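Convention: sequence-line order gives letters A, B, ...; per-chain numbering from 1. These values consider heavy atoms only, across backbone and side chains, with no hydrogens, waters or symmetry-generated copies.
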Amino acid sequence: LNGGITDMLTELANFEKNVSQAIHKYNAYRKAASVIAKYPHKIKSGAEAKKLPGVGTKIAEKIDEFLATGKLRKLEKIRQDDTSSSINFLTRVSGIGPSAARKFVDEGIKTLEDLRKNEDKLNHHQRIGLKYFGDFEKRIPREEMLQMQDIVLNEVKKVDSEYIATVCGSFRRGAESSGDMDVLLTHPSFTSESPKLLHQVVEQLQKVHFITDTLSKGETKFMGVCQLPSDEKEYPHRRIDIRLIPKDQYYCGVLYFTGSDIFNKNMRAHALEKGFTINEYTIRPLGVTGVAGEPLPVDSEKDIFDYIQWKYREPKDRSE
DNA sequence: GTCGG
DNA sequence: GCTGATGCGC
DNA sequence: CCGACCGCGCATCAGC
Ligand code: NA
Ligand code: NA
Ligand code: NA
């Protein structure tokens with residue numbers, strides 16, 4: 001209903017992140033765009049929007065200007081500035097953030113073609129981002145997410161049957177498509193109390209030509225690129241993350257990385273109401289002075305809901 | 001840019 | 001070479 | 001009025 005407005009706000013967000021290097025303004029604009037996107041009426045004025053949380057005085061003014069004129073002069077200015085628009089474009093390459101993009105543009109590197117000419121000036125991450133520029137911007141239909149899941153769960157199984165693997169994100173909530181694949185991994189041998197555990201899994205996924213490129217990889221986190229097996233149309237390359245988490249912190253991690261972010265907000269709020277604090281890693285009781293005690297045992301997501309006396313919420317009912 | 005202490 | 005800072009994506 | 005707004009793992013750099 002307010003597609004024009006939320007587009008305007010997103011454009012402003014991208015400009016603050018990429019050109020102004022103002023990450024909190026970026027997120028303020030995103031917050032505004034989200035809350036307006038969800039508003040079940042066609043906004044008729046700035047004052048109306050300002051009733052919404054995340055929408056303040058300045059955004060209300062831009063909404064008035066947009067509604068009267070169908071544009072923002074601030075945005076037209078920005079779009080007609082070659083430097084700003086080139087900086088903004090270059091950050092669409094994974095690995096090229098606001099700093100690299102400004103540096104590149106400063107020396108006349110402004111397009112994909114320019115990057116290709118200057119690949120010697122890119123780091124490994126950036127080269128991969130450039131290589132799969134188009135594929136990385138594609139969404140992943142749920143039916144492919146399911147084929148990808150089966151591959152990952154099976155190959156993990158082949159390395160060792162005690163591995164536990166869970167594909168999280170909006171996917172786990174029943175999303176009809178995903179931006180990437182986020183995999184949480186654990187193993188009985190890994191706990192916060194006390195060895196190539198992730199490597200063995202990455203190596204096997206490479207072995208079967210599922211994982212095709214690595215952006216980064218250490219003992220607990222892998223970020224890379226994967227592709228489904230193809231005499232017909234070859235699949236786009238996709239971003240996959242794999243995180244190795246201690247088993248005693250595993251289901252808190254699943255909970256967190258399943259979201260939604262709004263769901264996590266309401267659940268941490270409710271946990272506090274009842275004398276617990278939940279973060280990505282643990283659920284801890286609060287003493288009366290507000291001192292967090294030791295992390296509680298967690299053997300499943302359900303355990304966390306139990307502790308705070310909340311009725312178990314199916315992942316697909318976790319929109320908020 | 002918006003919010004809350 | 002070593003340590004701590006920064007950039008980056010999440 | 002003023003600081004918070006998540007903060008972490010990894011790659012790379014800055015400074016030594
Ligand atoms: Na508001
Ligand atoms: Na980028
Ligand atoms: Na605050």
What class does the angle between the rings of A:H270 and A:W310 fall in, given that below 30° is parallel, 30 to 60° is tilted and above 60° is perpendicular? parallel
Quick one: label A:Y281 by what it contacts on the DNA or RNA (base, sugar-phosphate, nothing), any heavy atom closer than 4.0 Å. sugar-phosphate
What's the gap between D:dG9 and B:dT2 when it is taken at their P atoms, as a whole Å value? 33 Å
Rounded to whole Å, please give me the gap between CG in A:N27 and P in B:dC3. 15 Å
Any cation-pi pair here, A:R243 with A:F257, using under 6.0 Å and within 45°? yes
Identify whether any heavy atom of A:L52 sits under 4.0 Å from a base atom; if not, whether one sits that close to sugar-phosphate; answer base, sugar-phosphate or nothing. sugar-phosphate
Checking B:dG1, B:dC3, C:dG9 against the side chain of A:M223 (C-beta onward), the nearest is C:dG9
For C:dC10, take OP1 and OP2 only and decide whether either is under 4.0 Å from a side-chain N or O of A:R239. yes
Donor + acceptor pair across side chains of A:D114, A:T111 (<3.5 Å): yes
Above 12 or not: heavy atoms from other molecules or residues under 6.0 Å from NZ of A:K217? yes
Separation of atom CG in A:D182 from atom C1' in C:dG9, rounded to whole Å: 12 Å
What is the distance from NE2 of A:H24 to P of B:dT2, rounded to the nearest Å? 15 Å
Count the heavy atoms belonging to other residues, nucleotides or ligands that lie under 6.0 Å from CD of A:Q147, then report whether that count exceeds 12. yes
Considering every strand and a 4.0 Å limit on heavy-atom distances, what is the contact class for A:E219: base, sugar-phosphate, or nothing? sugar-phosphate
Just checking A:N279: base, sugar-phosphate only, or nothing, at a heavy-atom cut-off of under 4.0 Å? nothing
Side chains of A:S230 and A:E234: any donor to acceptor distance under 3.5 Å? no
Without decimals, in angstroms, what is the distance between A:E280 CD and C:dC10 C1'? 10 Å
Once you round it to whole Å, what is the distance between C1' of C:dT6 and CD of A:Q21? 12 Å
Are the side chains of A:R116 and A:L130 in touch, meaning some heavy atoms are under 4.5 Å apart? yes
Is any side-chain heavy atom of A:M8 closer than 4.5 Å to a side-chain heavy atom of A:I63? yes
Rounded to whole angstrom units, what separation is found between the NE2 atom of A:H124 and the P atom of C:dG9? 15 Å
Nucleotide interval of DNA chain D bounded by contacts with chain A (heavy-atom cut-off, under 4.0 Å): D:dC5 to D:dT12
Report the C-alpha separation of A:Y250 and A:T166 in whole Å, then their side-chain angles, then the decisive distance to 0.1 Å, and conclude whether the side chain to side chain donor-acceptor pair (under 3.5 Å) test is met. CA-CA 10 Å; A:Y250 182 70; A:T166 308; 2.6 Å; yes
Nucleic acid contacts of residues 76-100 of chain A, taken as heavy-atom distances under 4.0 Å to DNA chain C: A:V93, A:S94, A:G95, A:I96, A:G97, A:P98, A:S99, A:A100
Strand-adjacent residues in residues 58-75 of chain A, judged by heavy atoms under 4.0 Å from DNA chain C: none
A:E162/A:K247 ion pair, N-O < 4.0 Å: no
Can you measure A:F136 atom CZ to C:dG9 atom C1' for me and round it to whole angstrom units? 12 Å
Have a look at A:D241 and say if it touches a base, only the backbone sugar-phosphate, or nothing, with a 4.0 Å heavy-atom cut-off. sugar-phosphate
Answer yes or no: does atom NZ of A:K158 have more than 12 heavy-atom neighbours from other residues, nucleotides or ligands under 6.0 Å? yes
Inter-nucleotide P distance (B:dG1, D:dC8), Å rounded: 29 Å
Reading DNA chain D from 5' onward, which residue's closest nucleotide shows up sooner: A:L215 or A:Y256? A:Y256
Can you see whether A:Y312 has A:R318 sitting over its ring - NZ or CZ less than 6.0 Å from the centre and within 45° of the normal? yes
When the distance from OH of A:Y29 to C1' of B:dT2 is rounded to whole Å, what number comes out? 11 Å
Under 6.0 Å from the CD atom of A:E107, do we count more than 12 heavy atoms belonging to anything else shown? yes
